[PDB]
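A single chain comes next, written as structure tokens; it is the form solved without the ligand.
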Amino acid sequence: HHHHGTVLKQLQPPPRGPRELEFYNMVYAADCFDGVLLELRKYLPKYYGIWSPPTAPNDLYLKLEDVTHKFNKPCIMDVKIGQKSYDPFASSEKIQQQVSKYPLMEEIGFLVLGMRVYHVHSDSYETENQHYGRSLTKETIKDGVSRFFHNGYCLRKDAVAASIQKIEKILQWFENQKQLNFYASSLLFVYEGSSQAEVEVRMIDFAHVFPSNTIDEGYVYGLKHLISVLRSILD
């Protein structure tokens, strides 16, 4: 999610930092017997608690499972999900800056934040940053996403596109019934860029999750368009 066998997720200034920590403590509480939340655990990084560096005791980090472990040369893609990349409490100025960062969000329903794709054609990593995904359009999005699945010179990993789509359909089913709204959240995609399919699809960024009434339509929208783009990549 950020730094550091775990990964250290740096918590953001209040109110964002306390919100993400509340969320994690909520789904991972020991007395949690809410089936929706317990089911949610499947799609998240494992959470091991908080951590401060001895020099900054007021500086808080989440201890998170590093899901790119188990993988030899992992390919990773970060995808923000939804039609808004802002929560309902954002001011007008925030909303304009978020909308102006990617105006097609409203229509495509997801945004590609970054990729790192292992090329066996070169034993090197190809990287895409913020501005690649902020440039894809209705017309280029289908190729844009398929860039992530070009594993070297040979296979364009259909088996990986297929695994991806099954796991995320399962997140589609959870969100098809729930009590929580996710703004500016993302999915993390990992697959194996060589060998030692097997893929990871995890939900990750949680500083803007809110109690809901009720079904999160912006998120089901974005999920649905992403399964669309991934289905047609499979054909």
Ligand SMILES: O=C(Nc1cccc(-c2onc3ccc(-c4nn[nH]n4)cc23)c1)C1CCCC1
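Numbering starts at 1 and runs along the sequence shown. We call the rigid core whatever largest set of C-alpha positions still superposes within 1.5 Å between the two forms.
The same protein also has a form solved in complex with the ligand, omitted here; what follows describes it.
- Say the ligand is put on the shown chain the way it sits in the deposited bound form, by superposing the C-alphas near its site; is the site then open or blocked (3+ ligand atoms within 2.4 Å of backbone or C-beta)? Check flagged, pocket reads blocked.
- Report whether all of 40, 180 and 209 sit within 4.5 Å of the ligand in the deposited bound form, measuring from non-hydrogen atoms. Looking in the deposited bound form, the three residues 40, 180 and 209 all stay beyond 4.5 Å of the ligand (heavy atoms).
- Check whether residue 152 has any heavy atom within 4.5 Å of a heavy atom of the ligand in the deposited bound form, and answer yes or no. Outside the cut-off, so no.
- Should residue 230 be counted as a contact of the ligand in the deposited bound form, where contact means heavy atoms within 4.5 Å? Result no; residue 230 lies far from the ligand in the deposited bound form.
- Query: Heavy atom to heavy atom, is residue 34 within 4.5 Å of the ligand in the deposited bound form?
  - Reply: Close contact is absent here: in the deposited bound form, residue 34 is far from the ligand, nothing within 4.5 Å, heavy atoms only.
- Heavy atoms within 4.5 Å of the ligand in the deposited bound form: does residue 171 have any? No, residue 171 sits far enough from the ligand in the deposited bound form that none of its heavy atoms falls within 4.5 Å.
- Message: I need to confirm a contact call. Of 60, 204, 167, 27, which residue comes within 4.5 Å of the ligand in the deposited bound form, counting heavy atoms only?
- Response: Answer to the contact question: 204.
- Query: Tell me, which of 161, 141, 76, 105 has a heavy atom within 4.5 angstroms of the ligand in the deposited bound form?
  - Reply: Residue within 4.5 Å of the partner: 76.
- Taking heavy atoms and a 4.5 Å limit, what residues of 49 to 68 are near the ligand in the deposited bound form? Read in sequence order, the residues that approach the ligand (within 4.5 Å, in the deposited bound form) are 64, 65, 66, 67, 68.
- Task: Quick one: lay the two forms over each other on the core and tell me which of 171, 207, 37, 180 moves its CA by at least 2 angstroms between this form and the one not shown.
- Result: The answer here is 171.
- Item | Shift of residue 104 between this form and the one not shown at or above 2 Å (CA, core fit) | Residue 104: C-alpha displaced by less than 2 Å between this form and the one not shown.
- Message: Superposing on the rigid core, I want to see if residue 152 changes position between this form and the one not shown - specifically a Cα shift of 2 Å or more.
- Response: Yes, its C-alpha moves 2 Å or more.
- Message: Please determine whether the C-alpha atom of residue 95 is displaced by 2 Å or more between this form and the one not shown following superposition on the rigid core.
- Response: Superposed on the core, residue 95 moves its C-alpha less than 2 Å between this form and the one not shown.
- How does the C-alpha distance between residue 172 and residue 114 change in the deposited bound form compared with the present structure, closer or farther, given a change of 3 angstroms or more? It is farther: the C-alpha separation of residue 172 and residue 114 rises by at least 3 Å in the deposited bound form.
- Message: Quick one: with a 3 Å or larger change, is the residue 182 to residue 170 CA distance smaller or larger in the deposited bound form? Answer closer or farther.
- Response: Here the pair is farther apart than in the deposited bound form; there, closer.
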